[PDB]
Amino acid sequence: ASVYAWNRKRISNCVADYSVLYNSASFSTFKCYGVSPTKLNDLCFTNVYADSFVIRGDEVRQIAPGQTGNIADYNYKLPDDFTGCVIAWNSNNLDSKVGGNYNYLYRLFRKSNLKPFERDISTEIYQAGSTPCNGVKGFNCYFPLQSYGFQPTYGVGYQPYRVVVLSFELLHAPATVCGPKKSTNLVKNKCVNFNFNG
Amino acid sequence: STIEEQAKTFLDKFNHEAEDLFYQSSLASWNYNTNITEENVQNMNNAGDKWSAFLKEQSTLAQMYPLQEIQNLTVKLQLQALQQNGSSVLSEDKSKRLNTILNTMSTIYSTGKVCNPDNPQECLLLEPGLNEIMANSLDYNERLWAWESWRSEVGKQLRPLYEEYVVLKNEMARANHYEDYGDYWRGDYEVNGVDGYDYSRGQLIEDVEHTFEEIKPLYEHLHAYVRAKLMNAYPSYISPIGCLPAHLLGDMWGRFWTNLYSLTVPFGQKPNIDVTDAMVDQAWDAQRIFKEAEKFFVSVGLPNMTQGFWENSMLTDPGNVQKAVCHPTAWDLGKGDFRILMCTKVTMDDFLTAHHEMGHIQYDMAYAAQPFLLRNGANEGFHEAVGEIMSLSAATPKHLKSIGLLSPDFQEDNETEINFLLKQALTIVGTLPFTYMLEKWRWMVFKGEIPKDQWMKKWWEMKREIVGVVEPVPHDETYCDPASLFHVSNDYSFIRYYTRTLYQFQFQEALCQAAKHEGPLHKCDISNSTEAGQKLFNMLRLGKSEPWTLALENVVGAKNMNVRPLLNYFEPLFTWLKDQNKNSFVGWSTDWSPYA
Ligand SMILES: *[C@@H]1O[C@H](CO)[C@@H](O)[C@H](O)[C@H]1NC(C)=O
Ligand SMILES: *[C@@H]1O[C@H](CO)[C@@H](O)[C@H](O)[C@H]1NC(C)=O
Ligand SMILES: *[C@@H]1O[C@H](CO)[C@@H](O)[C@H](O)[C@H]1NC(C)=O
Ligand SMILES: *[C@@H]1O[C@H](CO)[C@@H](O)[C@H](O)[C@H]1NC(C)=O
Ligand SMILES: *[C@@H]1O[C@H](CO)[C@@H](O)[C@H](O)[C@H]1NC(C)=O
Ligand SMILES: *[C@@H]1O[C@H](CO)[C@@H](O)[C@H](O)[C@H]1NC(C)=O
């Protein structure tokens, strides 16, 4: 999806293996905020929010708590008290075509900054001046969503990067997204410490 | 809300769409240059028309925001750059006439073919053949024939066209609140609104004269030495008291004196510093040349080239089937895409050109953080100067010995330094009076100081007074002798070479002082010095955001262009030329003593 209409998938009632993601060499950024990747494979959470979008190479830094920029102010805003991980990888192979891939858009303007975990899919003409836009992109009135013309011959700071942000929250409901539990070779006829089913 | 916020949002939208459109235009131009095919020409024309129409529409829309209600310097600079009418202020008929005149001058200069009367079965063009004839012939009448015939044909074709061109450009410039087209060209160096660092359009001519007055003794001594050597080569044509014949300067127009190095060599017996054979013996590919240049740039602390640079550049001639322009050019296509188009041969000249163009690429990379309309040099001089300093540093014997291209047992005595400095003077010092005289003449033509019926009588008078070059035969007003050069005929500024030449040695002194070099200035290498690279990168990162005076303060510590680094660079050669000119007479006479 585009950064403005970012896809959010709610992940519930399954086993989340984070070691498969962490040990992959296909990811350029695996920056976790509020939790460490080593203990993610053990902890359990009520729900996992997976937000997926595409941004530029130079815009990966803006997906963090306390940062500023066009993406944070007008497209995708993270809370300061954010628990989760930001995973980004280069996607020049798939999301770039020689003519220019214009399928990815970003919200360039808005009157006020976005709230954390807010999606704005409005296509109303931005009013930068006193004059009413009246639906026509004339003087002082511009269109909010602008395309990124992704081409394979771009620089590393302009190549398309797919970003998946995992948000971990704990609520009063029973936590069901738990990390995989590892089981040893059963030993019989000896005085051992057993931990069957917790 | 406010005008400033409206302008900032308008600039943001402009920058965003402009970068994409400029990328498309630049990519089309690249595809034409690396692949000369008719569909590529059509794509280039379509992209250029879209780019020009987009610039016209944004120029039309940017003017509705008044300049005086904006206080931010960067926003005011971008709005000032965008709000220029260009040719749009002029009427559609006159604009079309000017465009037609520019196109026909481009076709006449590019496809101009002149050959000897009575043998017209085949003729030679200037770029494939006449340049080689001017650079290599030792025959007086052959060079005289080529010079007079080419100026006769080109001047007689271009004289009414130039007469229309000056009037149309002056009309456009005065319609744009400038004194003349010369003031429009001098407006590039104009700084307004900065406390202390303001520079005026009228100050540029005074500064150029002030620097040239100190240039003049060194040029007089060099001219006397070249005159004596040409007298040795040609016994009767050159007078001891007069100027040099025009067709004997080694080039078609007198732009460079680098083709007289063989005739004017101080020590022929001593060997040269040619490293071509060493690269041929060790099988140095062009890729190895660019990798060594990249090693040089990482040694000083600048960032290394991107992967896209290596993947997308054409550093070798493609082949017979695919045609490409052979001229080395660095392309900043936009969006972090940097390429070099050079048909690289195994020569010293191509190696220095590779360093120069990679310096251009480094300069382009440095200001990538800046907004799109500020992604340029502070002036036209800096962009060439940062490549020329690399050209200076790479050519040193210390650099060649360090990278293995020169023998470790080569003896660096005074004689090789003298002849190398003389070659550098013929290339660098010799172009300065020609550049100053041409620009001053063009400024006087635009200003109206010289009437149309008196253009040439003054011009030769200037050339004798400044360049010390005499016409072979008198020329009347049917000739158009200046417009035979590429830059003047195709509407290009010419003061960039003068500013580049002074900025080159100013930057060289600043970096060598930063790098703690302990010898002569021409023996200085800026490799291995992190502080020199940091001092350079501080200016490089600014781009066009800051005034050129502030950038010069950042590098050399001065608020104005200076002439002392050039004189310091050539001081051993200056003393040697003063010693060698004891018997001869320094200076020239404007009379017709050699030939007329
Ligand atoms: C150059 O243009 C020709 C024209 O058809 C084309 O066949 C060829 O693939 C092009 N080569 C490159 C490297 O673009
Ligand atoms: C001027 O504008 C730029 C971006 O438009 C901004 O970063 C800078 O802080 C502004 N400067 C002032 C003094 O407002
Ligand atoms: C551009 O030309 C228009 C037409 O006369 C004029 O109103 C405007 O002031 C010009 N722009 C500038 C910056 O002078
Ligand atoms: C540039 O330098 C960095 C660090 O020295 C290196 O990782 C990178 O591969 C270099 N770039 C290229 C194209 O080799
Ligand atoms: C070079 O140095 C030697 C000895 O110092 C001297 O004899 C010779 O004249 C010098 N030549 C030049 C051109 O300075
Ligand atoms: C610069 O550094 C490189 C790498 O250590 C070295 O090989 C080279 O000789 C140095 N240059 C000089 C002039 O010492």
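These protein sequence lines are chains A and B, in that order.
Residue 497 in the UniProt record's numbering is what sits at position 150 of the first sequence, and the numbering runs on without skipping anything.
Residue 249 in the UniProt record's numbering is what sits at position 231 of the second sequence, and the numbering runs on without skipping anything.
For each residue, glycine too, the CB sits at the ideal point set by N, CA and C.
Spell out the partners DSSP gives residue i in its beta bridges.
| i | result |
| --- | --- |
| residue 166/B | Answer is none; residue 166/B lacks a bridge partner. |
| residue 408/B | Paired residues: none, contrary to the question. |
| residue 300/A | Given a span of 348 to 545 for chain A in the structure shown, any question on residue 300/A remains unanswerable. |
| residue 362/A | 525/A |
| residue 355/B | 352/B |
| residue 119/B | DSSP lists no partner for residue 119/B. |
| residue 508/A | 402/A and 437/A |
| residue 516/A | 394/A |
| residue 493/A | 453/A |
| residue 448/A | 497/A |
| residue 94/B | Its beta-bridge partners do not exist; DSSP assigns none. |
Of the choices the options, whose alpha-carbon is the least far from that of residue i?
| i | options | result |
| --- | --- | --- |
| residue 340/B | 411/B, 52/B and 22/B | 52/B |
| residue 126/B | 91/B, 177/B, 86/B and 155/B | 177/B |
| residue 447/A | 426/A, 482/A, 395/A and 506/A | 506/A |
| residue 452/A | 459/A, 463/A and 469/A | 469/A |
| residue 547/B | 328/B, 314/B and 402/B | 314/B |
| residue 212/B | 601/B, 346/B and 568/B | 568/B |
| residue 386/A | 420/A, 365/A, 349/A and 457/A | 365/A |
| residue 380/A | 354/A, 429/A and 478/A | 429/A |
| residue 272/B | 83/B, 159/B, 128/B and 455/B | 455/B |
| residue 591/B | 263/B, 290/B, 430/B and 434/B | 434/B |
| residue 523/B | 585/B, 577/B, 560/B and 477/B | 585/B |
Can you check whether the C-beta of residue i is within less than 7 angstroms of a C-beta belonging to chain B?
| i | result |
| --- | --- |
| residue 476/A | yes |
| residue 421/A | no |
| residue 489/A | yes |
| residue 451/A | no |
| residue 504/A | yes |
| residue 416/A | no |
| residue 470/A | no |
| residue 446/A | no |
| residue 508/A | no |
| residue 501/A | yes |
| residue 482/A | no |
| residue 485/A | no |
| residue 493/A | yes |
| residue 381/A | no |
| residue 305/A | The displayed coordinates of chain A run from 348 to 545. Any statement about residue 305/A would go beyond what the structure contains. |
| residue 431/A | no |
| residue 413/A | no |
| residue 545/A | no |
For a cutoff of 7 angstroms on Cβ pairs, would you count residue i as touching chain A?
| i | result |
| --- | --- |
| residue 330/B | yes |
| residue 561/B | no |
| residue 522/B | no |
| residue 305/B | no |
| residue 101/B | no |
| residue 326/B | yes |
| residue 66/B | no |
| residue 31/B | yes |
| residue 24/B | yes |
| residue 319/B | no |
| residue 27/B | yes |
| residue 34/B | yes |
| residue 38/B | yes |
| residue 353/B | yes |
Whole runs of the beta strand (DSSP E) within the region 381-407 of chain A, excluding any shorter than 3 residues: 394-402
Scan the region 244-332 of chain B and note each continuous alpha helix (DSSP H) run of 4 residues or more that stays entirely inside, going in chain order. 294-300, 304-317 and 325-330
Chain A contacts from the region 221-241 of chain B (Cβ-Cβ distance under 9 angstroms): none
Which residue spans inside the region 417-502 of chain B form an unbroken alpha helix (DSSP H) run of at least 4? 432-446, 449-465 and 473-480
Along the region 81-96 of chain B, what residues have a CB closer than 8 angstroms to any CB found in chain A? 82
Which residues, taken in chain order from the region 355-385 of chain B, show a beta carbon closer than 7 angstroms to some beta carbon of chain A? 355
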